[PDB]
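S.K.: Fold the following for me, if possible:
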Amino acid sequence: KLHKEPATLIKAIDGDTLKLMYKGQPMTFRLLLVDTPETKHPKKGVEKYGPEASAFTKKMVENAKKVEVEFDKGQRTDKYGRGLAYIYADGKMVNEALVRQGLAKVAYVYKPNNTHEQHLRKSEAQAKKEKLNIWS
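M.R.: Numbering: from 1, shown residues only. Here you go, the structure:
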């Protein structure tokens, strides 16, 4: 069963990337299963809704009493040494909130790291129906 472990925000870097203190180590985390528009993007620079996605993650996590990380059951770090996880701000999953607000798309999913894929997909369908942000 997946379980939550506490973490301390160091710095929000982008819509989908954060630096956290995890078990005494500063580490970069990449939000599992979501692609947000980018500000630090390799070739196009600032994509549309990039700044908004980034402000949302920043606010959500900065304003939280408690931040927790949830590892899936596959690999826990990617080729760049970033943590792969579901991030919770006061019990609320950041990855899903971004999708529900139309500020992220569900990513190409890699088994076995896909436990909350259906949940997220259901939030994505909804945001699209509501024609929010990315979907407007």
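S.K.: Centre-most residue in this structure?
M.R.: By Cα atoms, centre = their mean, the chain has its centre lying nearest to residue 31, at 3.2 Å.
S.K.: ok, now which ones touch that one?
M.R.: Residue 31 is in contact with 16-18, 57, 85-87, 94-95, 98, counting by Cβ atoms under 8 Å, 6 or more residues apart in numbering. C-beta coordinates here come from the backbone N, C-alpha and C atoms, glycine included.
S.K.: what pairs with it across the strands?
M.R.: Counting by DSSP bridges, residue 31 is bridged to residue 85.
S.K.: Next one: the residue nearest to residue 33 when sequence neighbours are not counted relative to residue 128, how far apart?
M.R.: With sequence-adjacent residues excluded and distances taken as Cβ to Cβ, 6 or more residues apart in numbering, residue 33 is closest to residue 107, at 5.1 Å. Distance, residue 107 to residue 128, using Cβ to Cβ, to the nearest Å: 15 Å.
S.K.: One more: residue 74?
M.R.: 27 Å.
S.K.: likewise residue 72?
M.R.: Residue 72 is 24 Å from residue 128, by Cβ to Cβ.
S.K.: When these two are compared, which one has more neighbours?
M.R.: For residue 72 and residue 128, the more surrounded residue by other Cβ atoms under 10 Å is residue 72, and the numbers stand at 19 against 15.
S.K.: was I right about the more buried one contacting residue 117?
M.R.: No: using Cβ atoms under 8 Å, residue 72 makes no contact with residue 117, being 9.8 Å away.
S.K.: Correct me if wrong: residue 65 contacts residue 90.
M.R.: Yes: between residue 65 and residue 90 there is a contact under Cβ under 8 Å: 5.7 Å.
S.K.: between those two, who's got more neighbours?
M.R.: With neighbours defined as other Cβ under 10 Å, residue 65 and residue 90 compare such that residue 90 has more, 12 against 7.
S.K.: would you list every one of the helices in this protein?
M.R.: 50-62, 94-100, 117-129 (DSSP state H).
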